[PDB]
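Asker: Got a structure for you, questions after.
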Amino acid sequence: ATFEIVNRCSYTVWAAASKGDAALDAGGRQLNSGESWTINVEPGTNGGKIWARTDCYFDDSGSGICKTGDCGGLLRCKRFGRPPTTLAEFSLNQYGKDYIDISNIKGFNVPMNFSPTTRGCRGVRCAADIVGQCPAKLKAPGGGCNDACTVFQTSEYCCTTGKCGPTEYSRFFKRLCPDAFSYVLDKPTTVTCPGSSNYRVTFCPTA
Ligand code: NA
């Protein structure tokens, strides 16, 4: 499958793509404002994620740091990134269908639209000013709005026992972005697309 990743933000981001134990395609790249990066993700990939990283510094070997979404200090990510990260999540060719969502379970850093470029399903978006409105206790100094599990490390926010309810903090993310997961047991906002669809992830879609 093809994913086109587009930076419509006015600032540079460092896109990342991983399935947790491996890079997808090159795994990461700098995107200046307006740039597009096309990657190829193998059919059958389960548990892939795409995210943006902000305020990164990398040397000539591809090592460095980012203030949001850092993946072990690498430009080309082979594992998932440090919160806060708005996440585009997908599993492809699962019994004939692809499944896509946006999640705020690991917080929010950059607004996002995740849409198919082929026909048969709709896209999803979280483009509200979550960072500007972020509750004081969730605000990350490096930028972004953390989720409550990252900040407080309780069974209730992290849903560790498999039973948890919504919280004041999850309801904040849900009020601003209804179409994104706000906590682990949120009613699913996953979209079912035909198997082998192609997609576009746009950062700052309303920029
Ligand atoms: Na998230």
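Please read every residue number as a count from 1 along the shown chain.
Each Cβ is built from the backbone N, Cα and C atoms, and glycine gets one as well.
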Asker: According to Swiss-Prot, which residue among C66, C77 is joined to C71 by a disulfide bond?
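Answerer: Cross-referencing Swiss-Prot, the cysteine bonded to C71 turns out to be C77.
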Asker: Which of the disulfide-bonded residues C56, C71, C77, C121, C204 has its Cα closest in space to the Cα of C158 (disulfide bond)?
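Answerer: Closest candidate to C158 (disulfide bond), judged by Cα separation, is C71.
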Asker: Can you tell me how far the Cα of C71 (disulfide bond) sits from the Cα of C193 (disulfide bond), in Å?
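Answerer: One finds 29 Å between the Cα atoms of these residues.
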Asker: Nearest of the disulfide-bonded residues to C134 (disulfide bond) by CA-CA distance, picking from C56, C77, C149, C177?
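Answerer: Checked the disulfide-bonded residues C56, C77, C149, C177; minimum Cα distance to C134 (disulfide bond) goes to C177.
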Asker: Among the disulfide-bonded residues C126, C193, point out the residue whose Cβ has the most other Cβ atoms within 10 Å, with all shown protein chains included in the count.
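Answerer: Buried the deepest by this measure is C126.
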